[PDB]
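Heads up, the thing below is written out as structure tokens.
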Amino acid sequence: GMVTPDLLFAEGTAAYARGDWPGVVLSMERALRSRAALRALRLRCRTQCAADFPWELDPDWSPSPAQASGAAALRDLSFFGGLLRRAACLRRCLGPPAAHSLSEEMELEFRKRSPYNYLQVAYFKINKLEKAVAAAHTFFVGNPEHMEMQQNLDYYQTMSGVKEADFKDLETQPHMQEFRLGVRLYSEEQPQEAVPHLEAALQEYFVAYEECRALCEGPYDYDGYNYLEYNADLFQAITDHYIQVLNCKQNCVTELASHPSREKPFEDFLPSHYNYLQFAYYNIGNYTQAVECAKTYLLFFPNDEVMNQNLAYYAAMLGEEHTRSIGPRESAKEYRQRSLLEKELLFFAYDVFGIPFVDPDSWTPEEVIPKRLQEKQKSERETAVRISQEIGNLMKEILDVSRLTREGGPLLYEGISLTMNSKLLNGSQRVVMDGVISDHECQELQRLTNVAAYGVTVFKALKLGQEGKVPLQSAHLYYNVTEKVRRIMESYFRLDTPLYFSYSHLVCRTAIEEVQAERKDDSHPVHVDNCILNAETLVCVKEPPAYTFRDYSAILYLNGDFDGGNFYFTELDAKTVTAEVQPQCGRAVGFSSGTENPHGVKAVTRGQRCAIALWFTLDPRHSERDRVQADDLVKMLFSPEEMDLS
Amino acid sequence: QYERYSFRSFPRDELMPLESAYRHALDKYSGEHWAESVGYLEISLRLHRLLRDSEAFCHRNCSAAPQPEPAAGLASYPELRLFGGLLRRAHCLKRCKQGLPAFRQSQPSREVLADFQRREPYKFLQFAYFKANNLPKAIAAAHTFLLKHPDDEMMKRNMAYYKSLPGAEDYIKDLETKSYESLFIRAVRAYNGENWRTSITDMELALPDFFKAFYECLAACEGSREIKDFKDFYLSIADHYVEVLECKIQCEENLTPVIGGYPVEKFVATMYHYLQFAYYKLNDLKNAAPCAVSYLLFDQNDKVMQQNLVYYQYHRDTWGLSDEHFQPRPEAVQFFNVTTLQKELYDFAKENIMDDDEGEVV
Ligand SMILES: *[C@@H]1O[C@H](CO)[C@@H](O[C@@H]2O[C@H](CO)[C@@H](O)[C@H](O)[C@H]2NC(C)=O)[C@H](O)[C@H]1NC(C)=O
Ligand SMILES: *[C@@H]1O[C@H](CO)[C@@H](O[C@@H]2O[C@H](CO)[C@@H](O)[C@H](O)[C@H]2NC(C)=O)[C@H](O)[C@H]1NC(C)=O
Ligand SMILES: *[C@@H]1O[C@H](CO)[C@@H](O[C@@H]2O[C@H](CO)[C@@H](O)[C@H](O)[C@H]2NC(C)=O)[C@H](O)[C@H]1NC(C)=O
Ligand SMILES: *[C@@H]1O[C@H](CO)[C@@H](O[C@@H]2O[C@H](CO)[C@@H](O)[C@H](O)[C@H]2NC(C)=O)[C@H](O)[C@H]1NC(C)=O
Ligand SMILES: [Fe+3]
């Protein structure tokens with residue numbers, strides 16, 4: 001009765017642990033139907049309320065001067081009155097909001113369709129072979145990396161009552177299945193049955209798209225614990241929330257075309273639809289529909305040669321008046337207009353507020369992008385092609401290829417000496433370089449961390465420096481040194497894609513000599529930053545409760561007098577030691593955070609050990625939301641401006 | 001302590017964060033030192049006033065901007081137009097807030113601003129003034145704190161003690177004064193002296209100043225909030241605006257000037273009443289009619305004004321007036337519309353939006 005799904009999932013899991021198959025099938029079916037009903041109810045309410053009270057717009061006004069503030073007040077009040085009415089109706093419609101809040105873990109286990117595995121096991125337990133093979137097939141389609149269930153449905157097919165047509169999916173959306181069936185069955189060069197299916201595969205898409213647009217208005221996504229010190233004004237809250245909502249809306253066109261069987265999303269979905277449609281239409285002989293489809297494709301990429309030839313050939317063969325008569329499909333035009341306006345707004349936001357965004361479509365005209373972004377993109381392409389030419393020349397000069405090409409860099413800054421390379425350190429993608437900074441810088445960093453303190457981020461250090469508790473020069477030096485280490489480590493590994501931060505904090509370890517009695521356990525078990533290692537299983541997992549976007553990692557030490565607490569690299573078995581690095585002053589160790597490099601830290605002895613750790617990702621979607629704030633703060637404090645108050 | 005103050009030019013020697021100066025002042029006050037505490041308290045008050053005026057100047061520059069003309073197609077999509085305009089406003093405000101010096105130091109926490117609005121430092125300031133032989137200043141500080149809070153007990157005893165002291169009978173002044181209240185007092189004094197032209201001039205000067213101050217106080221009222229729950233888009237912003245609307249509707253009565261300890265009611269109505277009486281006494285109906293129309297708009301029931309409005313209507317052109325002299329002034333229309341709309345929005349909101357899960361403790 002509209003009960004929370006995770007409770008039913010837990011009850012079913014407990015019953016399965018006991019082994020009561022009727023209980024588990026009942027619980028799992030109830031949970032799945034509950035989720036479906038909840039989604040349908042939310043969609044219906046949220047799409048009816050916004051249509052009952054249309055958004056109003058009456059901007060016709062020209063203010064007489066000094067009669068200016070009142071117009072702003074009136075406009076703001078009218079807009080917020082409309083908003084309040086919409087919110088009142090939506091709240092009166094929806095109902096009790098407690099049930100809709102669920103954590104991530106059940107979301108992932110719903111994505112993996114493990115309940116379907118539970119259903120197949122239970123249905124086999126109670127001789128329900130049809131539903132059992134249905135569940136097996138849908139789990140296989142969802143995740144095709146389990147040979148055991150392949151044997152399972154093979155053995156299911158061994159005993160009678162099973163048909164090829166019985167293999168029906170229960171989770172994949174209709175439009176994707178229709179499109180795949182149409183393309184596959186057109187691949188046999190049979191044109192007739194090709195036209196209807198694709199046409200159907202067209203319509204559903206648009207409808208499907210609409211529903212996604214109505215399921216994006218979700219709760220804000222705070223950066224973990226950053227809501228304790230959130231100090232945003234009202235007009236900042238609106239902008240941030242709406243920018244996130246618009247980003248999540250525009251992210252949908254790269255999700256509606258991603259099928260779990262394929263490892264990468266399809267490219268240019270709607271234009272490919274139109275191209276296949278026009279080819280099939282010409283083969284069938286519906287000539288006007290063919291010229292229509294060609295024309296509506298030409299609205300997307302206006303500079304394609306082969307289809308220009310095709311349209312010219314159609315127009316020469318056909319009477320020119322008919323070619324003039326028909327224009328492009330209206331729905332595609334409307335979709336393009338909406339998407340283009342949204343992209344323009346999002347790119348303006350990226351230019352000004354420094355909130356990142358990546359275009360999911362390849363058909364945007366280059367007139368909607370500001371100038372600075374164009375210059376940055378040109379520079380990025382230039383450096384990428386330069387790196388490609390350099391690596392090509394280096395390969396021409398020729399694990400050895402990896403050992404000689406993927407690392408070995410320029411070391412642009414002076415005073416840097418390659419101390420330990422990959423060949424000596426017994427492995428791949430490991431670098432140990434010395435003399436990143438002098439002793440003075442280490443001393444100021446140590447003073448900064450001693451004055452106030454395990455959680456001092458660069459942003460926090462700069463804020464405290466602005467307040468006056470900690471000297472400012474130390475914070476400025478911290479920011480400059482972190483940028484410097486980013487640059488050098490990125491340039492050493494010959495990385496074409498630009499590099500972005502993910503986290504950067506200073507820390508200090510203080511030995512407690514009174515709790516070291518019989519403390520034979522390691523300070524931290526050997527692990528990997530990318531995945532979670534299950535020790536004896538000897539297999540990793542890209543499991544979201546462990547960050548999956550961190551790619552490169554770096555650490556730099558500051559002090560040069562203690563004992564214990566070394567750093568070492570350990571093989572996958574978590575027993576043998578491959579290499580170790582002796583801590584000193586100005587030592588930097590860098591490695592890829594992949595599963596091939598498990599690192600380990602020994603326990604510390606008498607003294608204090610302080611160092612900085614850094615993690616870099618390659619995906620521009622995952623960058624800190626405080627780095628831009630820190631950049632703005634440093635621009636505030638050390639790049640002053642002036643404007644006439646008179 | 002407001003003598004050496006200038007928004008255009010502020011000396012850089014005393015540009016410290018507000019909390020640091022306030023904490024130093026309290027620590028010195030507990031340490032029995034007097035002169036240093038006096039200086040630091042004056043510094044803190046000046047800094048607070050500078051911050052408030054900087055916020056006002058920043059929020060006057062941005063909202064009062066021409067609306068750009070959009071493309072023809074974009075006019076078919078309302079929500080995008082609205083939020084794009086709002087985004088442009090936010091970007092302009094953020095760019096213009098990296099300007100004025102007062103915004104380049106530490107931001108005070110919410111509680112410091114809350115207590116400063118409550119005018120609490122004036123108590124410590126008056127005690128310090130007493131400990132340094134500055135009796136008129138102490139009297140002024142005591143009266144200034146008493147004006148905002150008239151129900152206290154120890155401050156009344158202190159004020160009675162000061163009044164008992166000889167000589168302290170004329171330095172009773174409000175330190176945190178405004179222009180419009182002084183202009184209103186002068187205008188009323190002139191009116192009771194049966195002088196007309198001076199009253200008209202001063203009162204007309206007073207009107208737009210009060211309108212500007214009220215609009216600024218409305219604008220700078222959209223403060224921050226502490227996040228305490230997660231909701232959907234529409235609800236989780238509607239609650240924020242409900243709180244801001246409460247703090248907004250608690251704004252008109254604060255700006256009301258007080259005389260004799262009894263705040264006056266219907267301030268704008270009193271303004272227009274005095275203006276109309278003076279204009280009638282000067283026999284210039286051409287200006288008299290709009291004032292009567294506006295006051296009758298502000299108060300729908302008054303026999304006296306219905307009577308003389310009828311008498312005005314009986315002479316359609318005897319004084320030589322046209323139909324452009326029976327409609328309200330634009331400014332009064334703006335004020336009345338803003339007030340009524342805010343009242344109605346709060347009334348509508350306090351029936352459906354906020355959850356009813358708290359009750360009176362029995
Ligand atoms: C091209 O295919 C359509 C698909 O049914 C044929 O039928 C047309 O269907 C559309 C759908 O609204 C409408 O235009 C008419 O109902 C149908 N007739 C025409 C002339 O469009 C259509 O006949 C086919 N054209 C040719 C030349 O075979
Ligand atoms: C880190 O910050 C800056 C960035 O390189 C370093 O240089 C400062 O910035 C200006 C701009 O070119 C330089 O010309 C000056 O040498 C520096 N500024 C000043 C005011 O001297 C800066 O030196 C680095 N930080 C430290 C502590 O050296
Ligand atoms: C509002 O703030 C803007 C932001 O600087 C200022 O606009 C300036 O306007 C003058 C003439 O009106 C121009 O000469 C300047 O170039 C403008 N500054 C810019 C564009 O940065 C100004 O302070 C305010 N504008 C007004 C009062 O019209
Ligand atoms: C508030 O503004 C509205 C529109 O800007 C105006 O409302 C008109 O008020 C007059 C009398 O004041 C009425 O005769 C009209 O019928 C009203 N029109 C509408 C559309 O409501 C007016 O400027 C302000 N409202 C009032 C009641 O004065
Ligand atoms: Fe680590």
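In the structure tokens, the first chain shown is A, the next is B, and so on; residue numbers restart at 1 for each chain, and ligands run from 1 in the order shown.
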
| query | Quick one: residues within 8 Å of ligand 1, with only C-alpha atoms and all ligand atoms, as JSON, numbers by chain? | reply | {"A": [285, 286, 287, 288, 289]}

Please check the contacts: residues of chain A at most 7 Å away from chain B, using only C-alpha atoms, listed as a ChimeraX atom specification. /A:55-57,68-70,72,74,81,84,87-88,217-219,227,231-236,239,466-467,636,641-643,645-646

So that I have them on file, write out the residues from the current selection with N, CA, C and O atoms, as a short mmCIF file (atom, residue, chain, number, x, y, z; two decimals), in the first residue's frame.
```cif
data_model
loop_
_atom_site.label_atom_id
_atom_site.label_comp_id
_atom_site.auth_asym_id
_atom_site.auth_seq_id
_atom_site.Cartn_x
_atom_site.Cartn_y
_atom_site.Cartn_z
N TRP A 55 2.81 29.28 -17.21
CA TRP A 55 3.74 30.35 -16.87
C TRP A 55 3.34 31.63 -17.60
O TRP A 55 3.18 31.63 -18.83
N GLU A 56 3.18 32.71 -16.86
CA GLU A 56 2.70 33.97 -17.42
C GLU A 56 3.88 34.89 -17.76
O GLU A 56 4.97 34.78 -17.20
N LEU A 57 3.63 35.80 -18.70
CA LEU A 57 4.66 36.72 -19.16
C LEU A 57 3.98 37.96 -19.74
O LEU A 57 3.33 37.87 -20.78
N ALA A 68 11.56 53.72 -10.84
CA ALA A 68 12.27 52.52 -11.27
C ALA A 68 12.18 51.36 -10.28
O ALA A 68 11.94 50.22 -10.70
N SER A 69 12.37 51.61 -8.99
CA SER A 69 12.36 50.52 -8.01
C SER A 69 10.99 49.86 -7.93
O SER A 69 10.88 48.64 -7.76
N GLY A 70 9.93 50.66 -8.02
CA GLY A 70 8.58 50.11 -7.91
C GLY A 70 8.27 49.09 -8.98
O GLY A 70 7.60 48.09 -8.72
N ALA A 72 10.43 47.09 -10.45
CA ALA A 72 11.12 45.87 -10.05
C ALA A 72 10.35 45.13 -8.96
O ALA A 72 10.20 43.90 -9.01
N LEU A 74 7.10 45.26 -8.32
CA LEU A 74 5.88 44.69 -8.88
C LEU A 74 6.17 43.44 -9.69
O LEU A 74 5.47 42.42 -9.57
N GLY A 81 4.30 35.31 -6.95
CA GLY A 81 2.93 34.87 -6.76
C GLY A 81 2.58 33.69 -7.65
O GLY A 81 1.97 32.71 -7.20
N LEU A 84 4.33 30.66 -6.17
CA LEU A 84 3.68 30.17 -4.96
C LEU A 84 2.40 29.42 -5.29
O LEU A 84 2.10 28.39 -4.66
N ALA A 87 3.41 26.00 -6.55
CA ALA A 87 3.89 25.15 -5.46
C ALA A 87 2.75 24.68 -4.56
O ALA A 87 2.76 23.53 -4.10
N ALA A 88 1.76 25.54 -4.31
CA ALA A 88 0.63 25.15 -3.48
C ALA A 88 -0.14 24.01 -4.12
O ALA A 88 -0.47 23.02 -3.46
N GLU A 217 13.30 17.51 -11.93
CA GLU A 217 13.16 18.49 -10.85
C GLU A 217 13.28 17.75 -9.51
O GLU A 217 12.29 17.43 -8.85
N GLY A 218 14.52 17.49 -9.12
CA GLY A 218 14.80 16.76 -7.91
C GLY A 218 15.48 17.61 -6.85
O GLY A 218 15.73 18.80 -7.05
N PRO A 219 15.78 17.00 -5.71
CA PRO A 219 16.44 17.75 -4.63
C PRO A 219 17.83 18.21 -5.03
O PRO A 219 18.50 17.61 -5.87
N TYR A 227 26.71 21.90 3.38
CA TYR A 227 25.50 22.66 3.68
C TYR A 227 25.53 23.28 5.07
O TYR A 227 24.65 24.07 5.40
N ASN A 231 26.00 29.78 2.58
CA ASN A 231 25.61 31.16 2.87
C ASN A 231 25.14 31.86 1.60
O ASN A 231 25.54 32.99 1.30
N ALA A 232 24.28 31.19 0.84
CA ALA A 232 23.83 31.72 -0.44
C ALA A 232 22.57 32.56 -0.27
O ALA A 232 21.68 32.22 0.52
N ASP A 233 22.50 33.66 -1.01
CA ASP A 233 21.33 34.52 -1.01
C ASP A 233 20.23 33.87 -1.85
O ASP A 233 20.43 32.85 -2.52
N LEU A 234 19.03 34.47 -1.81
CA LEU A 234 17.89 33.91 -2.53
C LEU A 234 18.16 33.83 -4.03
O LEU A 234 17.96 32.78 -4.66
N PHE A 235 18.61 34.94 -4.62
CA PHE A 235 18.87 34.97 -6.05
C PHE A 235 20.09 34.17 -6.45
O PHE A 235 20.30 33.94 -7.64
N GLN A 236 20.90 33.73 -5.48
CA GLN A 236 21.93 32.75 -5.77
C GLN A 236 21.37 31.33 -5.70
O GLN A 236 21.76 30.47 -6.49
N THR A 239 19.51 30.65 -8.98
CA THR A 239 20.43 30.43 -10.10
C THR A 239 21.11 29.07 -10.00
O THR A 239 21.15 28.33 -10.99
N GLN A 466 42.27 35.25 5.14
CA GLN A 466 41.51 36.49 5.01
C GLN A 466 40.99 36.96 6.36
O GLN A 466 40.98 38.16 6.65
N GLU A 467 40.54 36.02 7.20
CA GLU A 467 40.04 36.39 8.52
C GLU A 467 41.15 37.00 9.37
O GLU A 467 40.92 37.96 10.12
N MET A 636 40.14 38.43 -5.65
CA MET A 636 39.75 39.48 -4.71
C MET A 636 40.96 40.05 -3.98
O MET A 636 41.22 41.25 -4.04
N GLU A 641 40.53 45.93 -7.80
CA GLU A 641 39.92 46.76 -8.84
C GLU A 641 39.48 48.09 -8.24
O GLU A 641 39.51 48.29 -7.02
N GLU A 642 39.07 49.01 -9.11
CA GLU A 642 38.61 50.32 -8.69
C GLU A 642 37.48 50.78 -9.60
O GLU A 642 37.55 50.62 -10.82
N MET A 643 36.43 51.35 -8.99
CA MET A 643 35.34 51.98 -9.72
C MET A 643 34.92 53.25 -9.00
O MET A 643 34.90 53.29 -7.76
N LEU A 645 33.21 55.94 -7.10
CA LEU A 645 32.04 56.04 -6.24
C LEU A 645 31.28 57.34 -6.46
O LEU A 645 30.09 57.43 -6.15
N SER A 646 31.95 58.36 -6.99
CA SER A 646 31.32 59.66 -7.21
C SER A 646 30.53 59.66 -8.52
O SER A 646 30.86 60.38 -9.46
#
```

note - atom CA of residue A:158 and atom CA of residue A:137 are separated by 15.1 Å

List all protein, DNA and RNA residues that have any atom at most 8 Å from ligand 5, counting only C-alpha atoms and all ligand atoms, and write the list as number ranges by chain. A: 527-529, 599-600

As a ChimeraX atom specification, which residues of stretch 244-433 of chain A does DSSP assign to helix (DSSP H, G or I)?
/A:244-254,269-284,287-298,305-317,320-325,330-353,371-397,400-405

Discussion item. If DSSP is run on the backbone, what residues of stretch 233-330 of chain B are strand (DSSP E or B)? A reply as a list in words would be ideal.
Written reply: residues 258, 259, 262 and 263 of chain B

Could you make a table, as CSV, of the residues of chain A that have an atom within 12 Å of an atom of ligand 4, each with its nearest atom pair and distance in Å to one decimal, counting only C-alpha atoms and all ligand atoms, in chain and number order?
```
residue,atom,partner,partner_atom_place_in_ligand_line,distance
A:58,CA,ligand 4,5 (O),11.3
A:60,CA,ligand 4,5 (O),11.5
A:61,CA,ligand 4,5 (O),10.5
A:70,CA,ligand 4,2 (O),10.7
A:71,CA,ligand 4,5 (O),9.6
A:73,CA,ligand 4,2 (O),11.7
A:74,CA,ligand 4,2 (O),8.5
A:75,CA,ligand 4,5 (O),10.4
A:77,CA,ligand 4,1 (C),11.8
A:78,CA,ligand 4,5 (O),10.9
```

Given a cut-off of 8 Å, what residues near ligand 2 show up using only C-alpha atoms and all ligand atoms, put as a compact mmCIF listing (two decimals) with C-alpha atoms, in the first residue's frame?
```txt
# COMPACT_ATOMS: atom_id res chain seq x y z
CA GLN A 473 51.61 34.55 2.49
CA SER A 474 51.44 30.93 3.67
CA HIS A 476 49.17 32.08 -1.19
CA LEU A 477 52.25 29.84 -1.27
CA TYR A 478 50.04 26.78 -0.68
CA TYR A 479 47.83 27.69 -3.64
CA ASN A 480 50.80 28.38 -5.91
CA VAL A 481 52.56 25.14 -4.94
CA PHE A 638 45.65 40.06 -4.68
```

(Q) I'd like the contact shell of residue A:593 - 7 Å cut-off, only C-alpha atoms, skipping same-chain residues fewer than 4 positions apart - returned as an MDAnalysis selection string. (A) chainID A and resid 528:530 550:553 597

Need to verify the contact set: residue A:415, 10 Å, only C-alpha atoms, exclusion of same-chain residues closer than 3 positions in sequence. Can you return it as a ChimeraX atom specification? /A:411-412,434-438

Correct to one decimal, the distance atom CA of residue A:161-atom CA of residue A:25 is 21.5 Å
